[PDB]
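A short write-up of the structure that comes next.
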Amino acid sequence: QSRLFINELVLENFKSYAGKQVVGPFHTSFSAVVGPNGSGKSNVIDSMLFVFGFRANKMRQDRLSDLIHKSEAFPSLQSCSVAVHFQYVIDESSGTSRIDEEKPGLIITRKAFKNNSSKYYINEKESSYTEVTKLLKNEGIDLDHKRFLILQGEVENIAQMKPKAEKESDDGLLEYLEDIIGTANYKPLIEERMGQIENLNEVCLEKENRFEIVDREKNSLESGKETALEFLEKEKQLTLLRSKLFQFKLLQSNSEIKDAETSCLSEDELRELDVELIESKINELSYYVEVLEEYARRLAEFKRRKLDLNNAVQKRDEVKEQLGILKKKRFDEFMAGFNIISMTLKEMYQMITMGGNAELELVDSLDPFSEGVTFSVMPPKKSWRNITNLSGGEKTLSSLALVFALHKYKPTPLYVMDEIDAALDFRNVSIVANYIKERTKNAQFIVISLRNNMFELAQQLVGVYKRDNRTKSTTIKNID
Amino acid sequence: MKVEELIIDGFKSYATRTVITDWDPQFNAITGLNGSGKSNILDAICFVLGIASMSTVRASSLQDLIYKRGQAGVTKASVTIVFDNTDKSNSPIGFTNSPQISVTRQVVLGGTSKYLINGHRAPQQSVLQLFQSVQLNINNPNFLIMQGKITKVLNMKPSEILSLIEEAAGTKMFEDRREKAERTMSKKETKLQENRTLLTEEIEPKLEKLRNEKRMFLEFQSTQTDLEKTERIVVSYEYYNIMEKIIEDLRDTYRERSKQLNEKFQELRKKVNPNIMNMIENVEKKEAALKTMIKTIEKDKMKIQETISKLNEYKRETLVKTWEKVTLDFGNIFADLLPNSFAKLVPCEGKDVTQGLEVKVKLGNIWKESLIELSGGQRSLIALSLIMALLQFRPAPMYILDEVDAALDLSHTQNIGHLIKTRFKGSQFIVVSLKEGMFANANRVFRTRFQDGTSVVXXXXXXXX
Amino acid sequence: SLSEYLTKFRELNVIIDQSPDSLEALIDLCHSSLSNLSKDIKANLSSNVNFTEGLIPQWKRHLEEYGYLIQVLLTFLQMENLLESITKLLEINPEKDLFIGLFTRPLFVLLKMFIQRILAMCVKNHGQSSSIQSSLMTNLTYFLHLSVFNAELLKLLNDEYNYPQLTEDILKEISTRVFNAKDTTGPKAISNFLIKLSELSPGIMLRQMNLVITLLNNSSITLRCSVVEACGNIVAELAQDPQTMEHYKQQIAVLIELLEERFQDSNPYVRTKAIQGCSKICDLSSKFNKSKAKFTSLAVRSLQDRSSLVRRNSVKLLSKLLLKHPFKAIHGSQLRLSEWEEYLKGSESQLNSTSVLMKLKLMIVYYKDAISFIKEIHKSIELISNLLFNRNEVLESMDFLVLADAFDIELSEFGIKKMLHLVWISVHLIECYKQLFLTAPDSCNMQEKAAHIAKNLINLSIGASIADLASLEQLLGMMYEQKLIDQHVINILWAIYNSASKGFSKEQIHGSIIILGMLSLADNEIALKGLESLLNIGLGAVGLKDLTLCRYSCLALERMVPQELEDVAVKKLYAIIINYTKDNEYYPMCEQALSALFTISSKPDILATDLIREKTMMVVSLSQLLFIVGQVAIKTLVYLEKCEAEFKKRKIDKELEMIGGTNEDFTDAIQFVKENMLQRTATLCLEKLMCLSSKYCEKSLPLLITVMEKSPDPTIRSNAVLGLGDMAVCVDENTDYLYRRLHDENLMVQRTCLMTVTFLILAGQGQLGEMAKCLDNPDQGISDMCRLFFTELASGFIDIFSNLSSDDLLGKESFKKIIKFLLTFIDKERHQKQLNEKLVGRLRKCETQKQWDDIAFXXXXXXXXX
């Protein structure tokens with residue numbers, strides 16, 4: 001499978017690049033741009049950030065008109081434009097270079113108009129941002145995270161990053177590794193759900209308890225309602241017996257009709273049916289005499305309400321179990337990716353620094369989402385210390401180790417930086433140089449620094465020079 | 001009562017028995033320079049009367065009034081007063097047998113006071129009633145022995161003192177305070193009256209239901225009696241028309257149905273209440289209580305307005321009566337005492353008699369408004385005239401005046417003595433002069449001087465159908 | 001109209017200041033100058049009437065209505081006037097019962113000498129003890145801050161008025177009434193009342209001591225504290241106004257017995273209150289031979305308590321009884337055990353060999369009491385020294401044993417040693433050390449004081465090991481910034497050291513140079529000056545007699561830098577470097593001498609080459625010392641390389657001569673051929689070569705492991721485990737190999753290996769099973785160190801809990817699993833929610849259920865599952 005990479009850049013009437021500036025072709029494996037201090041590299045990084053729409057937080061919004069050439073000799077020009085080209089390249093086992101399409105792949109341009117106007121043009125045809133970012137994501141370049149961007153801002157943020165997102169905008173180390181593992185927008189949603197649905201379950205359980213108390217009161221009333229109904233049934237039976245006795249007495253002097261016809265065998269059953277006991281039972285019934293709709297009353301409504309409350313409690317338990325299952329499926333791959341990236345950063349720090357060890361660990365040991373994740377570093381001939389009480393060298397070393405672990409975790413064909421290893425020792429610079437030269441072959445990288453060991457291994461040298469306040473770029477190979 | 005005998009022995013000054021007699025029954029003037037010796041008499045008199053509301057009489061112990069506080073040989077003080085009681089009218093009831101009242105006041109070491117009325121002991125209430133029978137109070141211009149220090153307060157006085165002097169005979173503020181207290185008491189008792197009315201209104205429905213039950217029971221009894229009479233008539237008719245044993249022992253379906261209905265109604269409306277007499281007695285007692293309560297309510301309602309109207313009428317009548325009488329008397333006294341003069345009572349500035357009245361005087365032929373234009377002698381003279389005109393409201397068979405003549409004049413004292421001898425006849429007057437050289441027209445001038453520490457001078461069916 | 005008035009409970013000035021209806025109207029109208037004059041005239045007229053003696057009902061009604069209006073005025077609410085009028089009318093003296101009732105009850109509800117006068121002038125009632133008793137009972141049961149005031153009232157009834165009848169009546173009605181423990185803030189108020197009664201006047205509450213026995217057995221603690229303070233104040237007053245009563249003496253005796261019985265109560269508050277009472281009553285003017293004897297014998301056994309404040313109170317008791325000990329008859333302020341022992345021996349020898357008989361027997365019993373007291377204080381010092389090893393108890397208890405050591409006793413040096421071993425807050429210890437160790441008597445001069453201080457430091461510094469002396473010199477350097485030792489003491493100690501070349505019979509000759517090197521660790525200018533004093537002694541002819549003196553002088557000279565390298569110092573040191581074998585000594589001397597020569601020199605490399613060339617010219621002890629000095633030379637060479645590297649880095653370096661400058665010449669081809677007293681140094685050097693470029697590890701780890709796993713010498717095994725623990729910093733993963741020697745036959749090897757294990761985990765670092773198995777092992781010091789390590793790391797617990805639950809299947813330890821589990825469960829994990837469900841998810845044995853009931857290892861789930 002082939003991968004996409006950039007060949008050259010084109011600038012027209014830039015703030016620091018006046019006129020047409022065509023950069024030479026870049027190397028397929030590794031390239032490097034170089035320029036003196038304050039020569040215009042900031043303009044290059046600003047143009048690169050403006051191409052992908054990632055506007056910086058230093059300049060105010062809708063102020064892209066500054067990208068147009070504004071100087072003393074040219075106070076007003078026509079317009080600004082930048083153009084980047086992309087094409088395919090194949091990486092084989094041995095040293096070679098294969099191409100699947102000899103023609104240029106894509107051409108992305110974004111012009112600026114002094115009335116604060118901008119537009120995206122892919123293949124010299126106008127387009128929007130959603131379609132082009134979806135096409136870039138389909139090609140393996142996701143613009144959701146700035147994986148290709150390496151800036152000292154992220155370094156100083158990680159150096160001050162808390163284990164948890166204590167700031168309302170600054171994401172903590174836990175949120176940082178969440179965006180790293182791609183499961184960032186999975187925790188807050190399920191957390192808000194486990195909060196709101198659980199509150200609803202609590203209030204509906206309180207309502208169900210109230211309904212159960214009402215049903216208990218209804219059952220306490222039914223405890224006497226059933227006795228009243230039994231007394232009414234006994235009174236009805238006594239009245240039926242009295243009617244049968246009256247019919248038998250009226251027939252002897254000559255249910256209800258059946259007993260009357262069977263009275264007057266007939267004479268035997270009339271004269272032998274315990275006349276004395278019949279009179280005694282009649283007297284007892286008359287003494288006891290001197291409800292039926294309770295089954296079809298609010299008692300049944302109370303039972304239905306209790307059943308509805310039980311069903312609501314069952315549904316609450318079911319949704320609670322569902323939320324628990326949803327929150328349980330997270331920490332598995334959470335800890336999996338945690339251990340994976342931990343092993344990658346451990347082996348990277350062991351092969352690069354050859355001394356000490358950097359590692360991110362939970363402040364606790366059981367709950368990964370309890371408080372947060374801290375990051376400790378042990379320099380050579382030293383002990384474990386926090387990332388906040390170290391120097392700049394150890395900070396940028398840990399940062400480059402982390403970004404190398406991220407690159408090894410998720411591949412990316414583009415990578416840019418600007419003076420990240422500035423003011424360090426030449427040993428680590430040579431180490432990262434030979435690492436990016438040998439251990440990395442299936443991607444394109446851009447390094448900007450002043451150290452000597454940087455351009456000694458760069459296959460493509462893109463030198464920028466500023467003459468008469470006009471910057472121009474010249475690209476050459478690494479021939480000797 | 002005429003003071004013609006005085007016996008003072010065993011006191012702070014009267015250590016020896018001094019002959020004090022030959023008293024004039026018309027005018028008595030006890031003068032001299034011995035002020036303390038003369039004041040000791042009034043001290044002993046007020047000690048007998050039990051007065052202890054004076055800066056010179058009130059002491060921490062009762063032993064101080066004895067000679068040298070009872071520590072210089074005279075350890076006891078015994079005085080005897082003999083009051084002539086020929087006037088049976090002013091004499092108290094039950095004590096008209098003794099022609100002369102003898103009061104022996106003896107005090108010894110310890111502080112015990114003795115009481116003797118014609119040779120009999122008497123508590124403070126008895127002597128208080130005996131004094132009230134002779135018009136001797138505590139908060140009144142009476143007890144002539146000493147009236148106070150009104151003469152000095154009479155100088156630089158607003159109309160308030162004159163209004164209170166007039167009210168001393170008017171006595172309207174006390175009535176106002178008493179009526180305000182009674183009105184507050186009635187307003188407080190209105191709550192209890194409302195509570196009684198509420199209790200009666202809550203009791204009424206019980207008796208109403210009792211009367212209703214009694215009427216229902218009477219109606220049921222009448223219906224039962226009618227049904228029984230109908231049944232008896234039917235039985236008599238059946239016996240006359242005609243197994244006869246049951247008919248003899250017992251003695252138209254609509255009539256039988258009505259009788260059965262009446263019997264059922266009487267059985268279902270028994271309402272056993274054998275205490276109907278007690279019920280009607282309670283009813284009539286409640287009616288009597290209610291009618292008496294309403295009659296008391298209307299009585300007090302009428303009494304309130306009647307008392308208000310009587311207050312207004314009596315106030316106006318007494319106001320005009322005093323504004324005539326005391327004004328005429330003061331004018332006559334000012335014309336008799338001070339020759340060629342006239343003083344009257346006039347409102348302050350277009351005011352009424354209720355607001356207040358001031359005194360307009362006349363020095364010779366010059367009308368003077370305020371007393372500041374008069375000398376101290378004239379102020380003392382008008383104060384003496386006012387205190388002499390004030391004592392006529394509460395008359396007494398005797399009078400004793402004590403040290404009010406500060407700077408009187410010669411001719412003015414002569415005129416005062418002449419008016420006392422002429423206008424004040426029938427009253428036994430004693431006067432103790434503070435400044436000497438005055439009262440040269442007195443018939444008897446007691447020259448009291450200090451010396452040796454003391455003072456010296458079938459058939460049923462046919463019947464039914 | 002008394003009953004009616006009790007049930008119901010301007011124009012007036014013209015008659016009040018100058019009749020029944022008028023009086024009633026005035027009373028109704030009256031219901032502040034007018035009221036002042038009214039009360040004044042009423043008071044003086046009532047006084048006059050009472051002085052001069054049918055007239056009583058009027059004055060009775062008048063006083064009743066005036067009391068009623070005064071009551072309503074004080075309840076509705078200048079005050080000084082009405083209080084003065086009340087004092088006037090109360091001193092004048094049925095209806096009197098209700099009178100005093102309505103005069104005290106509203107006054108008690110309302111509630112400063114005026115109020116005291118009111119309460120004093122209202123107790124003149126005769127026969128009304130029931131009413132006042134009920135009122136005071138209601139006060140104690142309802143009011144809290146007034147009860148103490150009531151005590152003051154009893155005071156004005158006790159001595160000011162001198163009426164014992166009412167006092168004893170109130171006392172008996174207070175001691176006979178029933179008390180309850182369910183009252184809120186009631187027992188505390190009663191306790192404060194009795195405390196004030198005992199503090200202001202405890203003499204009257206003594207006569208009824210035979211009745212308060214019921215109150216002495218109260219279940220609550222407030223009344224117990226109150227009654228012990230009461231009897232303390234009582235015996236204080238009895239011993240202060242001796243008055244010499246026999247019944248009061250018997251009461252003192254029986255209450256002292258009650259205090260001795262209550263000293264072992266199950267409450268700290270009552271114990272501390274009894275301690276305060278006995279401390280305030282022991283300093284009275286009396287002898288109390290048997291009393292103080294039993295006090296000391298019962299306090300010497302109860303000092304080892306379990307609470308905090310009771311312990312410090314007991315130490316205060318011991319200090320207070322020690323500072324005022326009655327043993328001051330003969331040679332006071334002296335508690336020498338030998339003196340009392342020889343005196344007792346002489347007395348018992350003269351007894352076996354009549355006033356003289358009485359005097360000798362009293363001397364004998366006094367010596368017996370003295371020796372019992374000295375053995376008691378000795379044993380109490382022993383207990384406190386073995387229990388002290390809460391900061392308040394540490395800072396407060398110092399004065400007691402400091403004063404104890406101030407008196408000459410046989411435990412002086414041992415007591416000082418224990419104090420020093422215990423002290424390692426700081427201001428107190430340094431100030432008492434300045435007061436005691438640096439004392440200066442005014443009778444002696446400056447030179448005598450310096451000599452005394454020198455003798456003191458010599459006799460206290462020459463009787464300890466290396467570790468305690470190191471801690472003592474650290475503490476001394478932490479208190480040397482004040483410049484306590486003057487220049488005269490420095491001169492006299494320098495003179496003593498100079499005269500020590502030759503009262504030092506080998507026990508102080510070494511101690512002098514010991515304290516020299518001990519004090520030189522505080523300042524550098526002390527060792528820089530006076531080099532010739534150590535040249536002719538530490539490196540002169542004296543340096544050939546004893547090698548310990550040479551070692552200590554080398555320490556002293558090495559501590560100079562915190563002569564322009566031209567003196568004879570380095571020459572004399574190199575001359576001493578010559579082989580001094582055939583003796584067990586000379587090891588640490590050379591060990592420190594090589595360092596002293598290398599760390600401070602012009603060029604240590606040429607000197608090291610000269611040494612290694614002149615030494616290898618040369619029975620086996622020679623080669624042993626050669627290997628030793630070569631290894632220490634290469635170690636110090638690495639040290640100087642590192643120090644020069646960091647010096648050049650801190651100048652304000654090519655990074656190739658430090659990390660890469662370890663593959664030079666002088667290999668170890670001869671040091672390892674001896675392995676495959678003799679082999680000791682061989683193993684030491686073979687294990688020390690592990691810091692040479694770290695290649696010796698990857699070269700001969702299996703060889704060293706094999707030769708160390710079968711080492712019969714325990715010292716060699718301890719050296720191996722400490723070297724392996726130190727090698728964890730300089731980095732290879734040698735795990736699962738050092739934990740195999742955690743259980744050996746020798747205890748010293750186990751101690752060393754566990755020490756290195758606990759040290760490497762702090763800096764330079766699973767398999768945490770044996771660290772919990774060694775918890776119930778013998779040699780209790782090991783268990784104490786393990787507990788200290790377990791408590792020090794708590795600065796996750798679920799990890800070690802899972803490790804223990806997984807390793808519990810070892811099947812090796814018996815009857816010690818529950819103990820270890822209870823030991824590791826002291827520090828919780830602050831959640832107590834995840835491990836619960838983790839254990840409910842998987843549990844097999846019954847110990848899981850039993851320790852889940854115990855502490856850790858929901859309730860409904862546990863009940864359902866078990």
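Letters A, B, ... mark the chains of the structure tokens in the order given; residue numbers begin at 1 per chain; ligand numbers begin at 1, in order shown.
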>> I'd like the contact shell of segment 445-456 of chain B - 12 Å cut-off, only C-alpha atoms, skipping same-chain residues fewer than 5 positions apart - returned as number ranges by chain.
In response: B: 8-24, 27-41, 67-68, 417, 430-433, 436-440
>> as a count of residues only, could you give me every residue of chain C near chain A (at most 8 Å apart, counting only C-alpha atoms)?
In response: 12
>> Would you mind listing, as a list in words, all residues of chain B that have at least one atom within 8 Å of chain C, where only C-alpha atoms are what counts?
In response: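 So the residues of chain B near chain C are residues 53, 60, 61, 110, 111, 112, 138 and 139 of chain B.
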Please, could you write that set of residues out with N, CA and C atoms as a PDB file, in the first residue's frame?
ATOM      1  N   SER B  53     -43.793  66.242 109.305  1.00  0.00           N
ATOM      2  CA  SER B  53     -43.537  66.636 107.923  1.00  0.00           C
ATOM      3  C   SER B  53     -43.042  68.075 107.865  1.00  0.00           C
ATOM      4  N   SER B  60     -34.747  62.100 113.602  1.00  0.00           N
ATOM      5  CA  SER B  60     -34.480  60.676 113.435  1.00  0.00           C
ATOM      6  C   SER B  60     -35.091  59.850 114.559  1.00  0.00           C
ATOM      7  N   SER B  61     -35.149  60.398 115.771  1.00  0.00           N
ATOM      8  CA  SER B  61     -35.705  59.704 116.920  1.00  0.00           C
ATOM      9  C   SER B  61     -36.674  60.619 117.655  1.00  0.00           C
ATOM     10  N   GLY B 110     -36.985  55.664 125.408  1.00  0.00           N
ATOM     11  CA  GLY B 110     -37.318  54.472 124.655  1.00  0.00           C
ATOM     12  C   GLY B 110     -37.967  54.770 123.321  1.00  0.00           C
ATOM     13  N   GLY B 111     -38.803  55.804 123.280  1.00  0.00           N
ATOM     14  CA  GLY B 111     -39.486  56.199 122.067  1.00  0.00           C
ATOM     15  C   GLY B 111     -40.954  55.840 121.994  1.00  0.00           C
ATOM     16  N   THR B 112     -41.571  55.451 123.106  1.00  0.00           N
ATOM     17  CA  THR B 112     -42.979  55.083 123.123  1.00  0.00           C
ATOM     18  C   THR B 112     -43.837  56.326 123.327  1.00  0.00           C
ATOM     19  N   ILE B 138     -54.681  66.018 106.390  1.00  0.00           N
ATOM     20  CA  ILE B 138     -53.245  66.118 106.179  1.00  0.00           C
ATOM     21  C   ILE B 138     -52.912  66.947 104.945  1.00  0.00           C
ATOM     22  N   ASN B 139     -53.671  66.780 103.862  1.00  0.00           N
ATOM     23  CA  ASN B 139     -53.419  67.469 102.601  1.00  0.00           C
ATOM     24  C   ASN B 139     -54.405  68.606 102.351  1.00  0.00           C
TER      25      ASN B 139
END
>> Write out as a PyMOL selection string the set of residues from segment 195-402 of chain B that DSSP, computed on the backbone, places in helix (DSSP H, G or I).
In response: chain B and resi 195-241+244-250+253-268+276-337+371-373+376-390
>> Please report the interatomic distance between atom CA of residue 226 of chain C and atom CA of residue 194 of chain C in Å with one decimal.
In response: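 Computed distance, atom CA of residue 226 of chain C to atom CA of residue 194 of chain C, equals 6.2 Å.
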>> Show me, as a list in words, the residues that have an atom within 7 Å of segment 288-293 of chain A when counting only C-alpha atoms, minus same-chain residues fewer than 4 positions from it.
In response: residues 225, 228, 229, 235, 284 and 297 of chain A
Excluding residue 212 of chain A and any residue of its chain fewer than 5 positions from it, enumerate the residues within 10 Å of it, using only C-alpha atoms, and give them as a CSV table (one decimal) with C-alpha atoms, in the first residue's frame.
chain,number,residue,atom,x,y,z
A,206,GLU,CA,-39.1,7.2,46.1
A,207,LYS,CA,-42.4,7.4,44.2
A,217,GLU,CA,-52.6,1.2,53.8
A,218,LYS,CA,-55.1,-0.2,51.3
A,302,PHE,CA,-54.1,0.0,44.7
A,303,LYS,CA,-52.9,-3.5,43.6
A,305,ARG,CA,-50.5,0.8,41.3
A,306,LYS,CA,-48.3,-1.4,43.3
A,307,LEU,CA,-47.7,-3.6,40.3
A,309,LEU,CA,-44.4,0.6,40.9
A,310,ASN,CA,-42.8,-2.8,40.9
>> When DSSP is applied to the backbone of this structure, which of segment 351-449 of chain B are assigned strand (DSSP E)? Write them out as a list in words.
In response: residues 357, 358, 359, 360, 361, 362, 363, 366, 367, 368, 398, 399, 400, 401, 402, 428, 429, 430, 431, 432, 445, 446, 447 and 449 of chain B
>> Could you list, as a list in words, every residue within 6 Å of segment 252-269 of chain B, counting only C-alpha atoms and ignoring same-chain residues fewer than 4 positions away?
In response: residues 220, 223, 224 and 227 of chain B
Restricting the output to N, CA and C atoms, write the selected residues as a CSV table (one decimal), in the first residue's frame.
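This is the output file out_3.csv:
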chain,number,residue,atom,x,y,z
B,220,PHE,N,-94.6,13.4,70.1
B,220,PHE,CA,-94.6,11.9,70.0
B,220,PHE,C,-95.6,11.4,71.0
B,223,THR,N,-99.1,12.0,69.8
B,223,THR,CA,-99.4,11.0,68.7
B,223,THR,C,-99.7,9.6,69.2
B,224,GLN,N,-98.9,9.2,70.2
B,224,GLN,CA,-99.1,7.9,70.8
B,224,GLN,C,-100.4,7.8,71.6
B,227,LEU,N,-103.2,7.6,68.9
B,227,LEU,CA,-103.2,6.2,68.4
B,227,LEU,C,-103.8,5.2,69.4
>> When you look at residue 197 of chain C with a cut-off of 9 Å (counting only C-alpha atoms), what residues show up, excluding the ones that are within fewer than 6 positions of it in the same chain? I need them as a list in words.
In response: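 Here the qualifying residues turn out to be residues 148, 151, 152, 154, 155, 205 and 230 of chain C.
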Write the selection just made, keeping C-alpha atoms, as an mmCIF file, in the first residue's frame?
data_model
loop_
_atom_site.group_PDB
_atom_site.id
_atom_site.type_symbol
_atom_site.label_atom_id
_atom_site.label_comp_id
_atom_site.auth_asym_id
_atom_site.auth_seq_id
_atom_site.Cartn_x
_atom_site.Cartn_y
_atom_site.Cartn_z
ATOM 1 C CA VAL C 148 -20.075 29.500 91.695
ATOM 2 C CA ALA C 151 -20.367 29.351 96.684
ATOM 3 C CA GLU C 152 -19.360 32.929 97.498
ATOM 4 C CA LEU C 154 -21.662 30.224 101.507
ATOM 5 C CA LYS C 155 -18.420 32.128 102.095
ATOM 6 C CA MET C 205 -16.901 21.240 104.568
ATOM 7 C CA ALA C 230 -11.759 19.371 97.691
#
>> With distances taken over only C-alpha atoms, which residue among A:477, A:408, A:330, A:60 lies nearest residue 439 of chain A?
In response: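 Comparing A:477, A:408, A:330, A:60 against residue 439 of chain A, the winner is A:408.
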>> Could you list, as number ranges by chain, every residue within 12 Å of residue 326 of chain A, counting only C-alpha atoms and ignoring same-chain residues fewer than 2 positions away?
In response: A: 186-187, 189-191, 193-194, 319-324, 328-332
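Note that the spacing between atom CA of residue 633 of chain C and atom CA of residue 599 of chain C amounts to 10.7 Å.
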> Pick from B:345, B:183, B:26, B:175: nearest to residue 419 of chain B, with only C-alpha atoms counted?
Replying inline: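 Closest residue, counting only C-alpha atoms: B:26.
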> Rounded to one decimal in Å, what is the spacing between atom CA of residue 669 of chain C and atom CA of residue 719 of chain C?
Replying inline: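 Going from atom CA of residue 669 of chain C over to atom CA of residue 719 of chain C covers 22.1 Å.
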